[PDB]
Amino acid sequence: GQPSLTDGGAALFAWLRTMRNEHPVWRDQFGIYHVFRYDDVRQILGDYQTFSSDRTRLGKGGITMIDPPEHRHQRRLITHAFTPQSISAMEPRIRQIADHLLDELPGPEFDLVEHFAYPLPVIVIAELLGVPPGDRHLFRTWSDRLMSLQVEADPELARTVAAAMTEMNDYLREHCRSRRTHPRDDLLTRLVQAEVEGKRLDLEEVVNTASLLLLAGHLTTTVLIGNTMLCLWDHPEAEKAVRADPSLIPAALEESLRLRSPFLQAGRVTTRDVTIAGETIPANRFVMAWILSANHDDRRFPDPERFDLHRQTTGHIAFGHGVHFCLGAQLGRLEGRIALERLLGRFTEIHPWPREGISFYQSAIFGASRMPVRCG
C-alpha cells in the first residue's frame, strides 16, 4: 500500500490512479502481484478456479479458505441458518442497541468510534448469536484482544491472540452443546440444527463459524459507519440532503462503500499461469486484488474521488464478487443504516473536534480508529 494511510487516503487515491494507469499488474519487492483495475479485480475475485483462496498452501478449514465444490457445500449449511428473513427480523434489536449506545455517550464531547461505531457491530453479533446480555462484555474483551486478525506479526501478539481465541472457542462450544439440548431462537440454534441433503455442520464447524462472524462483521462495519460520517463531513451539500431527507441514508451508504471501501484488498493464490492486462502471473504465486482501486477506477466510476449520491454507474465490489461474496453484506448494510438513522436522528450537530484528532488503521481495514466529535 505504497503511501501512508494517515491523511484520510487522498494520497493513496492518487497513488492508485497512477498504478491503475501505468502498472495495472505489479510484482512487489516480495514477489507479490497486485491488480488495480475494476475489470481485472472483478475477474480475479469470481474465477475461484484460477485464483484459489487456500492461501495456507504458501480458520484453515472454513469457508474463507476452502473452495468449491467443498466451499459450496459448507456455505449452504451456514446460509441455511443465516437467512435473509432472520437478518431482517434483526432490525428492532439493532435499533435498540444503537439507542442504548447513544443514550450512554459520555456527554457532548466523545469519541464517535470508541463509544458507538466500535461497540455496536460486536453487540449485534453477540445478540444474533444468542449470547446472554450479561456475557456481552466478555465478547467486547475478546474482540479487543483479537482485532489483530481483522487488521493483521511479532510472536508476543500471536501468542496472546491464540489464547483469546481458545477462551472464546470454549465459551462458544459449550454454548452450542446447550442449543442441541435446549433449542433457542438464536443464530447458534439454527447452525446446530441446519441440515442439507442429510448433512450437518459438526459442533466445531459451528464454533468456528461463530468466531468467524464476530471477526468478519465487526471492524468492517465500524469503519463503514465512521467512513460515511467522514464522507458527509467532506461534502456539506450531501450532509444537507441526507439530514433534510433520511430517505437518502441508504444511497449515502452505497457511495461510502464505494469511495471508502472498508476492505482494501483480497488475496488469492494462483493455481496456474494467467495473463492479466498483458501481464502474465506465474502459477503458485500470490495475488493481491485491490478492491479499493477497482472501486475508484475511472474506467467505470467517473470522478472516483468525488462523493456523488446520485451516481449513474453503480456496482462496487466493496463486498467482493464470486462464491466468496460477503456472507454478511445484508446485515452490514442494515447495521449502517439503522445506526446512521439514529445518530443523525439524535444530533443535529455533529462536528469533528478536533478535525485533526482523527487517526486511521494501518492495514487491510480502511477507516478511522479514533473520531473525536462534539454534539448538539
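Numbering starts at 1 and runs along the sequence shown.
Participant: Zero if continuous, otherwise a range: how many residues of the deposited sequence are missing coordinates between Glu152 and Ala153 (none, 1 to 3, 4 to 9, 10 or more)?
Facilitator: Per the deposited record, the segment joining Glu152 and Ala153 lacks coordinates for 1 to 3 residues.
Participant: Name the higher of the two by mean Cα B-factor in the PDB entry, 362 to 370 versus 14 to 22.
Facilitator: Per the PDB entry, the higher value belongs to 14 to 22.
Participant: Report the stretch with the higher mean CA temperature factor, choosing between 114 to 122 and 275 to 283 on the basis of the entry.
Facilitator: Going by the record's values, the stretch with the higher mean is 275 to 283.
Participant: Can you tell me which of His324, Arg42, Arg337, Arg27 has the highest Cα temperature factor in the record?
Facilitator: Each of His324, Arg42, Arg337, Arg27 was compared by C-alpha B-factor; the highest is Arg27.
Participant: Out of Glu255, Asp297, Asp185, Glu305, which residue has the highest Cα temperature factor in the PDB record?
Facilitator: Top of the list by C-alpha B-factor: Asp185.
Participant: Consider only the C-alpha atoms of the modelled residues in this chain, order them by B-factor as the entry records it, and name the third containing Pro84: lowest, middle or highest.
Facilitator: Lowest third.
Participant: Comparing against every modelled residue in the chain, figure out the third that the C-alpha B-factor of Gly332 lands in (lowest, middle or highest).
Facilitator: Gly332: CA B-factor falls in the lowest third of its chain.
Participant: Could you look up the Cα B-factor of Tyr38 in the entry and say which third of the chain it sits in: lowest, middle or highest?
Facilitator: As the PDB entry reports it, the C-alpha B-factor of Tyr38 lands in the lowest third of its chain.
Participant: Among all modelled residues of this chain, ranked by Cα B factor, put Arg190 in the bottom, middle or top third, i.e. lowest, middle or highest.
Facilitator: Middle third.
Participant: Determine, from the deposited record, the chain-internal third of the Cα B-factor for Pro106: lowest, middle or highest.
Facilitator: Ranked within chain, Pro106 CA B lands in the middle tercile.
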